[PDB]
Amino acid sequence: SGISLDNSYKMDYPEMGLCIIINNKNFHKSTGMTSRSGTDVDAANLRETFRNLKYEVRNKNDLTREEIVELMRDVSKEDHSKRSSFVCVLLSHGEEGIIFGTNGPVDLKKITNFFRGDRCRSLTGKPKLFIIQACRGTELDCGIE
């Protein structure tokens, strides 16, 4: 064939891939974390938006830290050979490097490590997108007119 360029990810596999949405609204009382009013609007918006991009959306609500880790592990062990990409959206409380399960924190590295090129071979070379709505600390941006 003619000249070929290799500058863009192959996105014409049979499936776009999974879009996992973790929507943590209600937290165990003992954590002291507030209920994240408005997060259901986000989760619905994301579901519709990624639906129209032809992702296979899975919405999960109010997962413990243990459930988050097991969900990610299980998803990373699926066969993604026929999928172009992978998307995970995390909606929760957070701190720098950390997302909260309903009962306590999860290191973000623990979640993303399941999808490393050496640990999820059917996603090697494919884009893995992590979209994170969560605090990264307590600084406030005062802005400038």
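The first residue of the sequence shown is number 1, and the count goes up from there.
S.K.: Comparing 126-134 with 10-18, which stretch shows the greater average C-alpha B-factor in the deposited entry?
M.R.: It is 10-18.
S.K.: Can you tell me whether 30-38 has a higher mean C-alpha B factor than 82-90 in this record, or the other way round?
M.R.: Taking the mean B-factor of the alpha carbons in each, 30-38 is higher.
S.K.: Per the PDB entry, which option out of 43, 99, 120, 57 has the greatest Cα B factor?
M.R.: Largest recorded C-alpha B-factor: 120.
S.K.: Comparing residue 47 with the other modelled residues of its chain, is its CA B-factor in the lowest, middle or highest third?
M.R.: For residue 47, the deposited C-alpha B-factor lands in the lowest third.
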